[PDB]
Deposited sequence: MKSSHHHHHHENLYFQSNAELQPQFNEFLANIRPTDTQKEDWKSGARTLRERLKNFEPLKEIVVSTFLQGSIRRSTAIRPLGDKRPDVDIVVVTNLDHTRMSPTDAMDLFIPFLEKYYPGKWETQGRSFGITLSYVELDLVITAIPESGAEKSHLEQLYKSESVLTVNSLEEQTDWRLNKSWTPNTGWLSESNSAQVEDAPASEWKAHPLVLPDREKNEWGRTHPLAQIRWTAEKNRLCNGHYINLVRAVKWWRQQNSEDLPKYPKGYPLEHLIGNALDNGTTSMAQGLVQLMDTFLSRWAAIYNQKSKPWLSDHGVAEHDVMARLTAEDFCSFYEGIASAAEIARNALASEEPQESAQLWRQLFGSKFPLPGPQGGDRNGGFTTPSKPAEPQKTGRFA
């Protein structure tokens, strides 16, 4: 089903290597600097990478725009006493010292400008007390949480504190995931948009579910998410502003079925299932209700308007028509052109200098 061309398209839509080394090195350096800072030595518990970068669901920005990298600093402060503004204000001297003239506070987060990437850090707190807090901190200080590699590189990654990176000379025991009784019922608290109250977040379960879904789909879920995001980018004029980001990924993950064989088949199945499930909601002019993987009392599509969902549904229907006619076509060039209609030009059609010392 024109697999090599799809692989080339995926390679063309992924972030570059220079940016990759930039974000990895920046995360490590920030962790070391935060650890060595005396005023916040006891306060800071952990600093780990999250978001689309960690989940391998990011695309290359068009132009010279810097990619967004999401980092989380877990502390040991008590949210019942301290306001979010105070906790965020405790970190201003550190930024003024180590990052002079490169940091800006916006909303609930801090943004740091590096050479090729932009870091976005959020201050979070643990809402537990006693031995539960000790166990949570021990988990948050493990190698599973403190790894800078994406999910694509580590196909053996599991959410376990007894997990170690398996490295071979060319290519041991596969430790499985931890029971849900140890991490599922323990979320974290983070500031809101207005920094007036603390809400709940839980990213580790999101990462674990993404990894499990990719494993059950033979390593196609993340690439399909990337392809759908690129399609949204290409047809921006005929598509609404939202959904985008994590809600779009959640919709894609819900639509997909376990046991994906190839990319085109998965795309067709995704679009058809999306059309089938939300037809009743579409004809009633409403929006769906989807629960978050971490917190079961939250709605991911809470800030989405009904008209946005209707427009997205219409666009998905058109794309489904195109994909359906593309898959059936047996002529390779015609099928490739049909795919290029949606994905764009990046879908293909079937130096070291001398230094002395």
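Sequence ranges 1 to 19, 191 to 193, 373 to 392 have no coordinates in this entry (deposited sequence, numbered from 1, C-alpha basis).
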